[PDB]
>>> print(open('upload-v2.csv').read())   # CSV, N, CA and C atoms
chain,number,residue,atom,x,y,z
U,2,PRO,N,18.2,1.2,40.3
U,2,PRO,CA,18.1,1.3,41.7
U,2,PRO,C,19.3,0.7,42.4
U,3,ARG,N,19.4,1.0,43.7
U,3,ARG,CA,20.5,0.4,44.6
U,3,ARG,C,20.0,-0.9,45.1
U,4,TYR,N,20.8,-1.9,45.1
U,4,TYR,CA,20.4,-3.2,45.6
U,4,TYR,C,21.5,-3.7,46.6
U,5,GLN,N,21.1,-4.6,47.4
U,5,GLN,CA,22.0,-5.2,48.4
U,5,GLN,C,21.9,-6.7,48.2
U,6,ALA,N,23.1,-7.3,47.9
U,6,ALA,CA,23.1,-8.7,47.7
U,6,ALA,C,23.7,-9.3,49.0
U,7,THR,N,23.2,-10.4,49.5
U,7,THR,CA,23.7,-11.1,50.7
U,7,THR,C,24.3,-12.4,50.1
U,8,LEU,N,25.6,-12.4,49.9
U,8,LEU,CA,26.3,-13.5,49.4
U,8,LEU,C,27.0,-14.3,50.5
U,9,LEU,N,26.8,-15.6,50.5
U,9,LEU,CA,27.4,-16.5,51.4
U,9,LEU,C,28.5,-17.3,50.7
U,10,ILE,N,29.7,-17.4,51.2
U,10,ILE,CA,30.8,-18.2,50.6
U,10,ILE,C,31.1,-19.2,51.6
U,11,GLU,N,30.7,-20.5,51.3
U,11,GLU,CA,30.9,-21.6,52.3
U,11,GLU,C,31.7,-22.7,51.7
U,12,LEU,N,32.2,-23.6,52.6
U,12,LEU,CA,32.9,-24.7,52.2
U,12,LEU,C,32.1,-25.8,51.6
U,13,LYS,N,32.5,-26.5,50.6
U,13,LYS,CA,31.8,-27.6,50.0
U,13,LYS,C,31.9,-28.7,50.9
U,14,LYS,N,31.1,-29.7,50.7
U,14,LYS,CA,31.1,-30.9,51.6
U,14,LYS,C,32.4,-31.6,51.5
U,15,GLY,N,32.9,-32.1,52.6
U,15,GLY,CA,34.2,-32.8,52.6
U,15,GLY,C,35.4,-32.0,52.9
U,16,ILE,N,35.3,-30.7,52.6
U,16,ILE,CA,36.4,-29.8,52.9
U,16,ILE,C,36.5,-29.6,54.5
U,17,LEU,N,37.7,-29.8,55.0
U,17,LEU,CA,38.0,-29.7,56.4
U,17,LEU,C,37.6,-28.3,56.8
U,18,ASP,N,36.8,-28.2,57.9
U,18,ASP,CA,36.4,-26.9,58.5
U,18,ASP,C,36.9,-26.8,59.9
U,19,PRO,N,38.2,-26.5,60.0
U,19,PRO,CA,38.8,-26.4,61.3
U,19,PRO,C,38.0,-25.4,62.2
U,20,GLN,N,37.7,-24.3,61.7
U,20,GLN,CA,37.0,-23.3,62.5
U,20,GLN,C,35.7,-23.9,63.0
U,21,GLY,N,34.9,-24.5,62.0
U,21,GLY,CA,33.7,-25.1,62.4
U,21,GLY,C,33.8,-26.2,63.5
U,22,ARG,N,34.8,-27.1,63.3
U,22,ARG,CA,35.1,-28.1,64.3
U,22,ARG,C,35.3,-27.4,65.6
U,23,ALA,N,36.2,-26.4,65.6
U,23,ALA,CA,36.5,-25.6,66.8
U,23,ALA,C,35.2,-25.1,67.5
U,24,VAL,N,34.4,-24.5,66.7
U,24,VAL,CA,33.1,-23.9,67.3
U,24,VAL,C,32.2,-25.0,67.9
U,25,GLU,N,32.1,-26.1,67.2
U,25,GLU,CA,31.3,-27.2,67.8
U,25,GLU,C,31.9,-27.6,69.1
U,26,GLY,N,33.2,-27.8,69.1
U,26,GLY,CA,33.9,-28.2,70.4
U,26,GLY,C,33.6,-27.2,71.5
U,27,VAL,N,33.7,-25.9,71.3
U,27,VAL,CA,33.5,-24.9,72.3
U,27,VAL,C,32.0,-24.9,72.7
U,28,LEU,N,31.1,-24.8,71.8
U,28,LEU,CA,29.7,-24.8,72.1
U,28,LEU,C,29.3,-25.9,73.0
U,29,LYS,N,29.9,-27.0,72.8
U,29,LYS,CA,29.6,-28.2,73.7
U,29,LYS,C,30.2,-28.0,75.1
U,30,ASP,N,31.5,-27.5,75.1
U,30,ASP,CA,32.1,-27.3,76.4
U,30,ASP,C,31.3,-26.2,77.2
U,31,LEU,N,30.4,-25.5,76.5
U,31,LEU,CA,29.7,-24.4,77.1
U,31,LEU,C,28.2,-24.8,77.3
U,32,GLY,N,27.9,-26.1,77.2
U,32,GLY,CA,26.6,-26.6,77.5
U,32,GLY,C,25.6,-26.3,76.4
U,33,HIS,N,26.1,-26.2,75.2
U,33,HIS,CA,25.2,-26.0,74.0
U,33,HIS,C,25.6,-26.9,72.9
U,34,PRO,N,25.7,-28.2,73.2
U,34,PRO,CA,26.0,-29.2,72.2
U,34,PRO,C,25.2,-29.1,70.9
U,35,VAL,N,25.9,-29.2,69.8
U,35,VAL,CA,25.3,-29.2,68.5
U,35,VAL,C,25.9,-30.3,67.6
U,36,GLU,N,25.2,-30.6,66.5
U,36,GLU,CA,25.6,-31.7,65.6
U,36,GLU,C,26.7,-31.2,64.7
U,37,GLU,N,26.5,-30.0,64.1
U,37,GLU,CA,27.5,-29.5,63.2
U,37,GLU,C,27.6,-28.0,63.0
U,38,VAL,N,28.8,-27.5,62.8
U,38,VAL,CA,29.0,-26.0,62.6
U,38,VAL,C,29.8,-25.9,61.4
U,39,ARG,N,29.3,-25.1,60.4
U,39,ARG,CA,30.1,-24.9,59.2
U,39,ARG,C,30.3,-23.4,59.2
U,40,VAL,N,31.6,-23.0,59.1
U,40,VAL,CA,31.9,-21.6,59.1
U,40,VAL,C,32.3,-21.0,57.7
U,41,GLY,N,31.6,-19.9,57.3
U,41,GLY,CA,31.8,-19.4,56.0
U,41,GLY,C,31.9,-17.9,56.1
U,42,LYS,N,31.9,-17.2,55.0
U,42,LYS,CA,32.0,-15.7,54.9
U,42,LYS,C,30.7,-15.2,54.3
U,43,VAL,N,30.2,-14.1,54.9
U,43,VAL,CA,29.1,-13.4,54.3
U,43,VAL,C,29.5,-12.1,53.9
U,44,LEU,N,29.0,-11.7,52.7
U,44,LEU,CA,29.4,-10.4,52.1
U,44,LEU,C,28.1,-9.6,51.8
U,45,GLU,N,27.9,-8.5,52.4
U,45,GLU,CA,26.7,-7.6,52.1
U,45,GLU,C,27.3,-6.7,51.0
U,46,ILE,N,26.8,-6.8,49.8
U,46,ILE,CA,27.3,-5.9,48.7
U,46,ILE,C,26.2,-5.0,48.2
U,47,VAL,N,26.4,-3.7,48.3
U,47,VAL,CA,25.5,-2.7,47.8
U,47,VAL,C,26.0,-2.2,46.4
U,48,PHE,N,25.1,-2.2,45.4
U,48,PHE,CA,25.5,-1.8,44.1
U,48,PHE,C,24.3,-1.4,43.3
U,49,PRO,N,24.5,-0.6,42.2
U,49,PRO,CA,23.4,-0.1,41.4
U,49,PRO,C,23.1,-1.1,40.3
U,50,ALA,N,21.9,-1.1,39.8
U,50,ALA,CA,21.5,-2.0,38.7
U,50,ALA,C,20.3,-1.5,38.0
U,51,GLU,N,20.1,-1.9,36.7
U,51,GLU,CA,18.9,-1.5,35.9
U,51,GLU,C,17.6,-2.0,36.5
U,52,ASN,N,17.6,-3.3,36.9
U,52,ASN,CA,16.4,-3.9,37.5
U,52,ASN,C,16.8,-5.1,38.3
U,53,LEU,N,15.8,-5.6,39.0
U,53,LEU,CA,16.0,-6.8,39.9
U,53,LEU,C,16.7,-8.0,39.2
U,54,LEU,N,16.3,-8.2,38.0
U,54,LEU,CA,16.9,-9.4,37.2
U,54,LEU,C,18.3,-9.2,36.9
U,55,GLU,N,18.7,-7.9,36.5
U,55,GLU,CA,20.1,-7.6,36.2
U,55,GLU,C,20.9,-7.6,37.5
U,56,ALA,N,20.3,-7.3,38.6
U,56,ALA,CA,21.0,-7.2,39.9
U,56,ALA,C,21.4,-8.7,40.3
U,57,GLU,N,20.4,-9.6,40.2
U,57,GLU,CA,20.7,-11.0,40.5
U,57,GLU,C,21.9,-11.5,39.7
U,58,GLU,N,21.8,-11.2,38.4
U,58,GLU,CA,22.9,-11.6,37.5
U,58,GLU,C,24.2,-11.1,38.0
U,59,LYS,N,24.3,-9.8,38.2
U,59,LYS,CA,25.6,-9.2,38.7
U,59,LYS,C,26.0,-9.8,40.1
U,60,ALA,N,25.0,-10.0,41.0
U,60,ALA,CA,25.2,-10.5,42.3
U,60,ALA,C,25.9,-11.9,42.1
U,61,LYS,N,25.3,-12.7,41.3
U,61,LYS,CA,25.8,-14.1,41.0
U,61,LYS,C,27.2,-14.0,40.5
U,62,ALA,N,27.5,-13.1,39.6
U,62,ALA,CA,28.8,-12.9,39.0
U,62,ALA,C,29.9,-12.7,40.0
U,63,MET,N,29.5,-11.8,41.0
U,63,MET,CA,30.5,-11.5,42.0
U,63,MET,C,30.7,-12.6,43.0
U,64,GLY,N,29.6,-13.4,43.2
U,64,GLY,CA,29.7,-14.6,44.0
U,64,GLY,C,30.7,-15.6,43.4
U,65,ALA,N,30.5,-15.8,42.1
U,65,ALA,CA,31.3,-16.7,41.3
U,65,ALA,C,32.8,-16.3,41.4
U,66,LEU,N,33.0,-15.0,41.5
U,66,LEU,CA,34.4,-14.4,41.5
U,66,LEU,C,35.0,-14.6,42.9
U,67,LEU,N,34.2,-14.5,43.9
U,67,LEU,CA,34.7,-14.6,45.3
U,67,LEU,C,34.9,-16.1,45.8
U,68,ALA,N,34.2,-17.0,45.2
U,68,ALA,CA,34.2,-18.4,45.6
U,68,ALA,C,35.4,-19.2,45.0
U,69,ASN,N,36.2,-19.9,45.9
U,69,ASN,CA,37.3,-20.7,45.4
U,69,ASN,C,36.6,-22.0,44.8
U,70,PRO,N,36.8,-22.1,43.5
U,70,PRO,CA,36.3,-23.3,42.7
U,70,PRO,C,36.4,-24.7,43.4
U,71,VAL,N,37.5,-25.0,43.9
U,71,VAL,CA,37.8,-26.3,44.6
U,71,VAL,C,37.2,-26.4,46.0
U,72,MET,N,37.4,-25.4,46.8
U,72,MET,CA,37.0,-25.4,48.2
U,72,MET,C,35.6,-24.9,48.5
U,73,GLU,N,35.1,-23.9,47.8
U,73,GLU,CA,33.8,-23.3,48.1
U,73,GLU,C,32.7,-23.2,47.1
U,74,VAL,N,31.6,-22.8,47.6
U,74,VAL,CA,30.4,-22.6,46.7
U,74,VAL,C,29.8,-21.3,47.3
U,75,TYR,N,29.2,-20.5,46.4
U,75,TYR,CA,28.6,-19.3,46.9
U,75,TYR,C,27.1,-19.5,46.9
U,76,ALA,N,26.4,-18.5,47.5
U,76,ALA,CA,24.9,-18.6,47.5
U,76,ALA,C,24.4,-17.2,47.7
U,77,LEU,N,23.5,-16.8,46.8
U,77,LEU,CA,22.8,-15.5,46.9
U,77,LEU,C,21.7,-15.7,47.9
U,78,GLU,N,22.0,-15.5,49.1
U,78,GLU,CA,21.1,-15.8,50.2
U,78,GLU,C,19.9,-14.8,50.2
U,79,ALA,N,20.2,-13.5,49.8
U,79,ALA,CA,19.2,-12.5,49.7
U,79,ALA,C,19.5,-11.4,48.7
U,80,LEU,N,18.5,-10.8,48.2
U,80,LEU,CA,18.7,-9.7,47.2
U,80,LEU,C,17.5,-8.7,47.4
U,81,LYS,N,17.8,-7.5,47.7
U,81,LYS,CA,16.7,-6.5,47.8
U,81,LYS,C,17.0,-5.1,47.4
U,82,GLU,N,16.0,-4.4,46.9
U,82,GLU,CA,16.2,-3.0,46.5
U,82,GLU,C,16.4,-2.2,47.7
U,83,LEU,N,17.2,-1.2,47.7
U,83,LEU,CA,17.4,-0.4,48.9
U,83,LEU,C,16.6,0.9,48.6
U,84,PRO,N,16.2,1.6,49.7
U,84,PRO,CA,15.5,2.8,49.5
U,84,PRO,C,16.3,3.8,48.7
>>> encode(input="upload-v2.csv", output="structure tokens")
Amino acid sequence: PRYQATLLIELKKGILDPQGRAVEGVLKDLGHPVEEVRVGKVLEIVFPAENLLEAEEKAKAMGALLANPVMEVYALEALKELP
């Protein structure tokens, strides 16, 4: 079946997040103060697979490929079969 993996590639703890800092700063100047903003990338990937288990496997593999070992971590936020 066709599946869609929602992969998040985010910065590990400690990694400087200029974009995030910037966003926090702005949100506050806009009357929406927040404690923290972490900016990452989200990738919606559609691909075929034998079953849901193999899909997760493949999804994870692509996440591991897209994530910078030192700077980031990936996360399979969601995985679902498509019509």
>>> atom_distance(input="upload-v2.csv", atom1="CA of residue 79 in chain U", atom2="CA of residue 6 in chain U")
5.8 Å
>>> select_by_dssp(input="upload-v2.csv", residues="range 4-79 of chain U", states="strand (DSSP E)", output="number ranges by chain")
U: 4-12, 42-49, 73-79
>>> atom_distance(input="upload-v2.csv", atom1="CA of residue 17 in chain U", atom2="CA of residue 34 in chain U")
19.8 Å
>>> atom_distance(input="upload-v2.csv", atom1="CA of residue 76 in chain U", atom2="CA of residue 61 in chain U")
8.0 Å
>>> residues_around(input="upload-v2.csv", residues="residue 68 in chain U", least_positions_apart="6", cutoff="6.5 Å", atoms="all atoms listed in the file", output="list in words")
residues 10, 74 and 75 of chain U
